Amino acid sequence: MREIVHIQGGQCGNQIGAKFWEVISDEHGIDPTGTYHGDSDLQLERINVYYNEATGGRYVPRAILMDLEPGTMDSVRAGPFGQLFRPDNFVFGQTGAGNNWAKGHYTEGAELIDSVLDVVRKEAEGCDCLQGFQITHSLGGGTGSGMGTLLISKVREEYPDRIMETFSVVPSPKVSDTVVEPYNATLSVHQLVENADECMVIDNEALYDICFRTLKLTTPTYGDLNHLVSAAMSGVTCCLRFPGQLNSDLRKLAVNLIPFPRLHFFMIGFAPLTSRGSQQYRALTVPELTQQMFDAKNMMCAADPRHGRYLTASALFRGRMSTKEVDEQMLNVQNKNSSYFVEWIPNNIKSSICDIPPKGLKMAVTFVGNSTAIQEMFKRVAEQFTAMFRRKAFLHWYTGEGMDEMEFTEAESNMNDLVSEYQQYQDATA
Amino acid sequence: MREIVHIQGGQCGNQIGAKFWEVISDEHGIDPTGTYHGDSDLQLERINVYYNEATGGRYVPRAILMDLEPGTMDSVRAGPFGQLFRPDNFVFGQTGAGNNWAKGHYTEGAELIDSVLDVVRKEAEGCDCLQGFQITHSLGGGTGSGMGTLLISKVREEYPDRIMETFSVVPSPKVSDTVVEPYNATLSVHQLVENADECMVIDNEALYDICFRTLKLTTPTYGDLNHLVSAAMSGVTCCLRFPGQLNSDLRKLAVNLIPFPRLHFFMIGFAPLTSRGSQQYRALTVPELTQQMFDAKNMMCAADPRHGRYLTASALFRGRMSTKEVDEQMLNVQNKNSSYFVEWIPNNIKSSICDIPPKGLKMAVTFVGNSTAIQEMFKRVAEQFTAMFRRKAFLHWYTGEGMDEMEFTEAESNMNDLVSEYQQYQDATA
Amino acid sequence: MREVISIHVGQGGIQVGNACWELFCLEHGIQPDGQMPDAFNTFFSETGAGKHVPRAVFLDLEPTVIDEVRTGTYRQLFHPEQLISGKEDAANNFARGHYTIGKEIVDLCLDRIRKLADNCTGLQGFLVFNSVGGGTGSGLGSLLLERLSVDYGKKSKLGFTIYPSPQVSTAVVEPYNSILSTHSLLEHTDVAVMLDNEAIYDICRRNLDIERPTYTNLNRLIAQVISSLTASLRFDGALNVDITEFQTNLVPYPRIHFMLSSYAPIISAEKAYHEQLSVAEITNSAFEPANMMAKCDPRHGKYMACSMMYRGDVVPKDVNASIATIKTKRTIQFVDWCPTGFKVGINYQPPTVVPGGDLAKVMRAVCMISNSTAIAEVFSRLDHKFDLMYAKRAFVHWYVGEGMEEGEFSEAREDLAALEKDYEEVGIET
Amino acid sequence: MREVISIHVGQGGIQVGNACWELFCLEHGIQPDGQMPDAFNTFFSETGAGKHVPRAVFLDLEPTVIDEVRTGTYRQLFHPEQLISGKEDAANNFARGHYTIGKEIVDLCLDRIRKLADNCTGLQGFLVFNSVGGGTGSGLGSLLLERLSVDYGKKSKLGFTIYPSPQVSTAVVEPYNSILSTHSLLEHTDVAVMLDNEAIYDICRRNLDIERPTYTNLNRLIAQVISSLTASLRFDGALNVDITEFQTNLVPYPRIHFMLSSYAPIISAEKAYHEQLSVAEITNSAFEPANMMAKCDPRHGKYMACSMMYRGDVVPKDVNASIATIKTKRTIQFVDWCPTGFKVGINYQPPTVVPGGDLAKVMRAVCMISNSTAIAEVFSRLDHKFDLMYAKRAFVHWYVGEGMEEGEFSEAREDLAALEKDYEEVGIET
Ligand SMILES: Nc1nc2c(ncn2[C@@H]2O[C@H](COP(=O)(O)OP(=O)(O)OP(=O)(O)O)[C@@H](O)[C@H]2O)c(=O)[nH]1
Ligand SMILES: Nc1nc2c(ncn2[C@@H]2O[C@H](COP(=O)(O)OP(=O)(O)OP(=O)(O)O)[C@@H](O)[C@H]2O)c(=O)[nH]1
Ligand SMILES: Nc1nc2c(ncn2[C@@H]2O[C@H](COP(=O)(O)OP(=O)(O)O)[C@@H](O)[C@H]2O)c(=O)[nH]1
Ligand SMILES: Nc1nc2c(ncn2[C@@H]2O[C@H](COP(=O)(O)OP(=O)(O)O)[C@@H](O)[C@H]2O)c(=O)[nH]1
Ligand SMILES: [Mg+2]
Ligand SMILES: [Mg+2]
């Protein structure tokens, strides 16, 4: 019951999913052949959340994979746990977008999306009670940031009451791999605010910083960043698949973390994270988890959370632990940092406990906090956008496929209005 | 009891039968040597429907094969399961028709048909209780469309109370292999409406479209089209050979699907159909079967069923399933599509359940719907006929064998009258 | 039980008969001695033990070519007394071979034809080969056709005549006998195929890259066309075509039966394998005006009907997908009163290669027989050439003194005028 | 399902095509005979059984080079009839190869291009190679580009032109046809890469330590650059880049698409292994002005956008840590309206070594494609060279007498003046 379907688009989203599904399968004891080989009874009670049942007793994820080029899905199939995905759900084009948002949203993405919407509708109509959808995509690419966001609007138009999740990677100015990143980032943020019920920003720069400083491993690769993102993704829905002292589905988090409908851009972090050589030194206790949870360097975004004030915060503890300690520590982390918490909403931290810890760990915490410090990312994105747009650089590529500069002006104005009205509440006082 | 005999004519009909009998033999576990090697008891209880018994314990089909040239039957004998056919039933001429309807219906087909009628009479007089006849032939050829249709009238004149089936392939204008197709199509449709109790149109264009889009196989061949047609053919009489919750012979379908005696031209479709790579993704459920069953692209004809309104519909479910789900789904498919169902006849969908599924499949559905959208095929056939006839092109070939233009005029007028009076009920309101 | 008899008269006829009879013997595995070291029955007959005898007869009044045949490697193959030979040549005089010396030889040929026909049981029809621009060829062909049309009646006869080139000519008097022979075979032959030498010279030069061709290279291509036409009678195929199934598909009216052929692909082994030879590209090459086997421009006239044969591993869906592309093109337009004009045949046996020849071995080939309105140009230019010399009555004394009447020249002119008027009358839209 | 077609015209084009086609065959394991003793599909095509055929066509009017190709070890590889050859050379006259002898050859080349394109299903784009300072090369390249731009339209074409050196020159008239060809490809080619010989001579002398280089050593480096550019289409990588993803990242405006390349490391086996070849040092060497592949100074102008490809075991974090260092340096400054200008690609396959060549085997390499404002100097110096001789109308009679008009020289001068003004207008800060 109350299950969700997985939809991913683009190369970055496909690579994120290729590790997210591996993590989920390892958590539920599903072999790469789809056969259950788990140890505990609880591993099968709520498997309908992510997995479907077919004849022969094997399980198949309800994931939908889409891209405008076939290479990435032809590569993910040969990887581990690549056989679980149903071949029918693979939809792809023969041309690609070339990191051009217009091509992936107006000319090419519009004709292809009917086939993927057909299978999306097939998956949603069938399921017992829908909880919602979760979306993984990147804002630094053309086909992803175009087709995914248009699909968001199409899904929202047909299921207005369901919940919608988006895990979005925004292009940081530090590690830049594409010159046309500001254009399709700014165009995508315009559409994303209007339809997504929840959005979670993730930055490659913050992932590299975490890998270099906390884990202290010499050579980070995309596999480590994907693993961290996958652990963070799994931590959110853990209590929906396992029993606990205070169950809290996604809708309950939506109620408690979004004060106003347009303020739904969160930054997350996962604890504990320790190096291989120091994993024996540390002792896992609730104070040790909560001190690392609120650490500024532990956030999955380069945004500095002590440059603003938290509107609200959430924590999803895992493992068996006493609730009194959790509540007193949450109170203590809020009394010692009163300057960084907005004062006109008292008791702005939500907590939840799940009795099933991750495989290999005795305690774990997932942190989701809505803070005013996120304005800095939109500020720098808009700064680069307006630095590049004033000369109409690279504009002809977009304008040759039916798009105009008016949609750029409206997007810039709406993004600046969002930036302004997000900080409006930072200076608000009672 | 209540068995039927098989009669096929022409090259296309012979190739259809060469796969239909293979499918039937594989279903009943009969080896190509005529020896039973089946597993289940039910495989032998009603084998008298299609197979006769001879000394030595082997089984022989009661099929009659006729053509005006010996090549096709000399070729089908060397194929698999070709030895089952009794050599006595092979009747052929030494000249052929050359795709000329007049030669295959007036000059050559008239003299030969006595021998084939002798064996037809031998087969029908002997059998326990006759149910009827089923005919496979093509309307795009001369000898087939002539001799088969004249044989229809001869059989109807002697057995007016029995039921008669015809599976007719009409020449589509998209994939045209013969230039004189409109003439012998129009001449044949004139005679076919007067005598056939049921007619089922099949188009090569729709078969290619299905093979390319649903199965997604690279290189279709006549073997795949024949296999699809054979599965559809077998699905109709399944409950007459196996037990079920609601048995429904051919006469019961005749009662419930033909409102007026001249409206007996149906288009069919088979479900499920899935690609090799996606056969593991899909889960076989009644909603999944019924959503594909009413799909427009799944019809075995290029006629678009949402261009008209269904007069009535029928479904023959296979496998063990709950009847409540079937009835509620049939109601749901009729409430959500009220615009495409005629309103002066309520509850115009017939359902039947057979507990024996096809070999290798757990559930299957055969769909037979009488719709007003079939007018488009006769419209285009008559359009080509009147485009070619106004100049008297290729007319001398037909007029040199005792035929005249008056029979062409009467055929055109009767066909146009059929087209008009078939759509007369589309605009009828209560 | 299907047979065909080929008639070879004149030097060109015998030299193309030799070319086709190496190819048939090679294709059926028969050694030049006639001994094999059930498909042969179409062209050959079994003698009871050992050798096979061709169903062919060679005619000529001039003994040199027959004597060359009776001493080559094929001396043991042909029956000794079916190579009818005369003593005195007609010497390019039509009146000689129709009134003076051909009459005394025609009786032996008719006796041989009867002796060959009584052996066949399923005689499909006759084939005849004759170069038109010669005395004995045209005259004896006319006389034989006139005798056969009354001895047998409705049996089909096919004529592979070689008309003179527009400007290239070997004789100086060939228009006279060409016009007279066209008069004779206009009302006496069911099919006539155009074969002038200049177009085939251009084909060899452009594709085969031979700068010094001889007659053998031309005759090998003609033999390949004949083999492609008659393959469907002696090999298994998915879509068969018989000889009698032509006047119902390519001949709109009894007078109009002159059509021009084309073949594809034509390529040498040195550069054949570098390209894939898909069905689409070969069917495009076959319709190219420069690849017509007769020097006529199809862009100057409408099409009436196209009958085109495939052989090899071609799949019908690929054929349909290519017929659609041709219907799409704006440079090829069909006549108004013909909506569909294509007859398609598919065979499985790939074309056979002759050792030491020009063509390479390929798996796919296409041969088209197309009837078009543009053929009237050759008649007009031959008529213009005839009128120039008939104005002054030049070379007429060589014909009046051989028993022909003075008025016989005028009525051939009137029949050509009638044919040209008929071709104009048919091609106008309604 | 991704393909690309490479066009080689002129002596320099054919001699660099040979250089790239040893490298591709070596990199995919294909023997020179074409036989292997799924990544090949980008450059090759499967013939069904055995050999592979390159997707390349060789053009030249002068037969010596093609005859040398058709007798070397690679005689069996290329299809025999895609090595189009002429009889008479253009002899460094541009008007000859654009108006006199190139027109009669261009039709065969276009037919070959169509025959190769119909085979591909996912055609990414075209590659073309031509030395600019020659008659046939520049003229036929211009004519082919002009025909392709209208036959296909939006398909991407890439041009690897070799402009003359600042002072070193082999001809005396090459500025004229260089300017005319720049005129022709300015409005017809999507990407143009600079390749003058003097810079590569200096690279060989300084790094490879060869004091007597020949053309083969230059062509091997160019082939390595091509392989590095196209590696991402046929090998798995953590950060892929497609050809269509260029005009969205390197081309700010439709007129500005001339950029200059560089490669690193370039080192011999005698001293390669003594140093560690870290990613930081190779990415520093790639940006050194002395390692530009075209003799232009980047210190004299701003950068617009840098697209730079890695291959081997490079980790993204090390790439980011090196992009930061380059942004730090004060000697490299980017244009004001471009905050981020780097597009990064990472591939896993290390560069392959050719036996008997100059370069050694290394695990890391970097190839950069950089668009900079400093490129205007080559245009200015070519313009100055052109004006000196055009003042006195020298050598003009060799062009006017080959069908070209007198005024055609002036408008190329005006377009170069427009381009130089545009480059100055873009580089000024706001
Ligand atoms: N295609 C082709 N045409 C030929 C060949 N030999 C002769 N011809 C044509 O035949 C025409 C003349 O007729 P021939 O066949 O040579 O001689 P004939 O038909 O026996 O008539 P006579 O001159 O009386 O012997 C010439 O114009 C040639 O174009 C040949 O081998 N191949
Ligand atoms: N990099 C490089 N450049 C070459 C090579 N061969 C010739 N060139 C350049 O090409 C220029 C002249 O054009 P070519 O390619 O030699 O001759 P072409 O393009 O065939 O033109 P034609 O003279 O009419 O035959 C010279 O200035 C050379 O700099 C080569 O092998 N490598
Ligand atoms: N975490 C992670 N990020 C990736 C990976 N591959 C690419 N990216 C990021 O995705 C961005 C490029 O997105 P792109 O591939 O063009 O998206 P697309 O246009 O939808 O295919 C880069 O800035 C990378 O930082 C990966 O395997 N893991
Ligand atoms: N499904 C199927 N159709 C066929 C096959 N062979 C021929 N046809 C169809 O039959 C038509 C020609 O019919 P024809 O052979 O002339 O019938 P006949 O005159 O009775 O021999 C063509 O348009 C084909 O589409 C086959 O093996 N399977
Ligand atoms: Mg002769
Ligand atoms: Mg040259």
# chains A, B, ... in the order shown; residues from 1 in each chain; ligands from 1
>>> select_by_dssp(residues="range 123-214 of chain B", states="alpha helix (DSSP H)", output="number ranges by chain")
B: 123-126, 142-143, 149-158, 181-195, 204-210
>>> residues_around(residues="residue 269 in chain C", least_positions_apart="2", cutoff="10 Å", atoms="only C-alpha atoms", output="list in words")
residues 208, 267, 271, 272, 273, 274, 358, 359, 360, 361 and 362 of chain C; 80 of chain D
>>> interface_residues(of="chain D", to="chain C", cutoff="12 Å", atoms="only C-alpha atoms", output="MDAnalysis selection string")
chainID D and resid 34 44:57 70 75:84 108 111:120
>>> select_by_dssp(residues="range 61-296 of chain D", states="strand (DSSP E)", output="PyMOL selection string")
chain D and resi 83-85+123-131+156-162+191-194+258-264
>>> residues_around(residues="residue 191 in chain B", least_positions_apart="5", cutoff="9 Å", atoms="only C-alpha atoms", output="PDB file with N, CA, C and O atoms, in the first residue's frame")
ATOM      1  N   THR B 149     -16.083 -18.468 -53.477  1.00  0.00           N
ATOM      2  CA  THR B 149     -17.401 -17.862 -53.329  1.00  0.00           C
ATOM      3  C   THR B 149     -18.483 -18.656 -54.048  1.00  0.00           C
ATOM      4  O   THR B 149     -19.616 -18.707 -53.559  1.00  0.00           O
ATOM      5  N   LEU B 150     -18.177 -19.275 -55.193  1.00  0.00           N
ATOM      6  CA  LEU B 150     -19.192 -20.102 -55.839  1.00  0.00           C
ATOM      7  C   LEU B 150     -19.471 -21.347 -55.002  1.00  0.00           C
ATOM      8  O   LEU B 150     -20.616 -21.812 -54.902  1.00  0.00           O
ATOM      9  N   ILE B 152     -19.299 -21.384 -51.797  1.00  0.00           N
ATOM     10  CA  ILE B 152     -20.138 -20.905 -50.698  1.00  0.00           C
ATOM     11  C   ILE B 152     -21.606 -21.012 -51.070  1.00  0.00           C
ATOM     12  O   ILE B 152     -22.420 -21.519 -50.290  1.00  0.00           O
ATOM     13  N   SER B 153     -21.967 -20.540 -52.266  1.00  0.00           N
ATOM     14  CA  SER B 153     -23.362 -20.599 -52.700  1.00  0.00           C
ATOM     15  C   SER B 153     -23.822 -22.039 -52.867  1.00  0.00           C
ATOM     16  O   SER B 153     -24.944 -22.392 -52.473  1.00  0.00           O
ATOM     17  N   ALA B 196     -22.774 -15.902 -46.885  1.00  0.00           N
ATOM     18  CA  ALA B 196     -21.993 -16.184 -45.690  1.00  0.00           C
ATOM     19  C   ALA B 196     -22.744 -15.760 -44.435  1.00  0.00           C
ATOM     20  O   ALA B 196     -23.257 -14.644 -44.348  1.00  0.00           O
ATOM     21  N   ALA B 411     -22.964  -5.315 -59.344  1.00  0.00           N
ATOM     22  CA  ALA B 411     -22.082  -5.509 -58.196  1.00  0.00           C
ATOM     23  C   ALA B 411     -21.713  -4.182 -57.549  1.00  0.00           C
ATOM     24  O   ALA B 411     -21.752  -4.058 -56.319  1.00  0.00           O
TER      25      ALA B 411
END
>>> residues_around(residues="residue 173 in chain A", least_positions_apart="6", cutoff="10 Å", atoms="only C-alpha atoms", output="mmCIF file with N, CA, C and O atoms, in the first residue's frame")
data_model
loop_
_atom_site.group_PDB
_atom_site.id
_atom_site.type_symbol
_atom_site.label_atom_id
_atom_site.label_comp_id
_atom_site.auth_asym_id
_atom_site.auth_seq_id
_atom_site.Cartn_x
_atom_site.Cartn_y
_atom_site.Cartn_z
ATOM 1 N N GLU A 181 25.253 25.737 -19.281
ATOM 2 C CA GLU A 181 24.553 25.374 -18.052
ATOM 3 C C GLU A 181 23.615 26.456 -17.514
ATOM 4 O O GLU A 181 22.492 26.112 -17.110
ATOM 5 N N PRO A 182 23.999 27.739 -17.442
ATOM 6 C CA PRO A 182 23.068 28.731 -16.880
ATOM 7 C C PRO A 182 21.743 28.818 -17.618
ATOM 8 O O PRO A 182 20.704 28.986 -16.969
ATOM 9 N N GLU A 205 29.920 19.726 -6.376
ATOM 10 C CA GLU A 205 30.990 20.358 -5.611
ATOM 11 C C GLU A 205 30.925 19.975 -4.137
ATOM 12 O O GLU A 205 31.948 19.648 -3.525
ATOM 13 N N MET A 377 22.508 30.132 -4.159
ATOM 14 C CA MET A 377 22.663 29.345 -5.378
ATOM 15 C C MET A 377 21.912 29.990 -6.537
ATOM 16 O O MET A 377 22.457 30.160 -7.634
ATOM 17 N N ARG A 380 23.809 33.195 -7.700
ATOM 18 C CA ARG A 380 24.944 33.007 -8.603
ATOM 19 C C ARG A 380 24.506 32.467 -9.962
ATOM 20 O O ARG A 380 25.077 32.857 -10.993
ATOM 21 N N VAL A 381 23.497 31.593 -9.992
ATOM 22 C CA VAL A 381 22.985 31.103 -11.265
ATOM 23 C C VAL A 381 22.426 32.258 -12.092
ATOM 24 O O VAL A 381 22.710 32.380 -13.290
ATOM 25 N N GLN A 384 25.324 34.516 -13.443
ATOM 26 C CA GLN A 384 25.928 33.987 -14.662
ATOM 27 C C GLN A 384 24.968 34.095 -15.842
ATOM 28 O O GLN A 384 25.384 34.428 -16.962
ATOM 29 N N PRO D 339 30.996 33.655 -17.582
ATOM 30 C CA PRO D 339 31.546 33.330 -16.262
ATOM 31 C C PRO D 339 32.213 31.964 -16.215
ATOM 32 O O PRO D 339 33.355 31.843 -15.765
ATOM 33 N N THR D 340 31.512 30.930 -16.674
ATOM 34 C CA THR D 340 32.132 29.632 -16.861
ATOM 35 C C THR D 340 32.249 29.321 -18.353
ATOM 36 O O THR D 340 31.333 29.565 -19.144
ATOM 37 N N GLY D 341 33.406 28.797 -18.741
ATOM 38 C CA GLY D 341 33.675 28.581 -20.147
ATOM 39 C C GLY D 341 34.178 27.192 -20.483
ATOM 40 O O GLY D 341 34.537 26.929 -21.632
#
>>> interface_residues(of="chain D", to="chain A", cutoff="9 Å", atoms="only C-alpha atoms", output="ChimeraX atom specification")
/D:1-2,121-124,233,236,238-254,305-307,315-321,323-324,336-345,426,430
>>> interface_residues(of="chain A", to="chain B", cutoff="6 Å", atoms="only C-alpha atoms", output="VMD selection string")
chain A and resid 54 86 to 88
>>> atom_distance(atom1="CA of residue 35 in chain B", atom2="CA of residue 58 in chain B")
5.3 Å
>>> atom_distance(atom1="CA of residue 269 in chain A", atom2="CA of residue 416 in chain A")
26.7 Å
>>> residues_around(residues="residue 292 in chain C", least_positions_apart="3", cutoff="10 Å", atoms="only C-alpha atoms", output="ChimeraX atom specification")
/C:194-195,199-200,202-203,260-263,285-289,295-298,368,370
>>> atom_distance(atom1="CA of residue 229 in chain A", atom2="CA of residue 8 in chain A")
14.2 Å
>>> residues_near_ligand(ligand="ligand 5", cutoff="10 Å", atoms="only C-alpha atoms and all ligand atoms", output="ChimeraX atom specification")
/C:9-14,60-65,88-92,131,134-137
>>> residues_around(residues="residue 167 in chain D", least_positions_apart="5", cutoff="12 Å", atoms="only C-alpha atoms", output="number ranges by chain")
D: 172, 175, 196-199, 295, 378, 381-382, 385
>>> closest_residue(among="B:321, B:170, B:430, B:64", to="ligand 4", atoms="only C-alpha atoms and all ligand atoms")
B:170
>>> residues_around(residues="range 386-393 of chain D", least_positions_apart="2", cutoff="8 Å", atoms="only C-alpha atoms", output="PDB file with C-alpha atoms, in the first residue's frame")
ATOM      1  CA  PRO D 175      46.060  33.129 -50.596  1.00  0.00           C
ATOM      2  CA  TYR D 176      43.551  33.629 -53.436  1.00  0.00           C
ATOM      3  CA  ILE D 179      40.239  33.430 -49.182  1.00  0.00           C
ATOM      4  CA  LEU D 382      45.949  36.379 -45.216  1.00  0.00           C
ATOM      5  CA  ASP D 383      44.007  39.508 -46.153  1.00  0.00           C
ATOM      6  CA  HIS D 384      47.218  41.544 -46.303  1.00  0.00           C
ATOM      7  CA  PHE D 395      47.288  35.887 -61.622  1.00  0.00           C
ATOM      8  CA  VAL D 396      43.664  36.933 -62.169  1.00  0.00           C
TER       9      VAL D 396
END
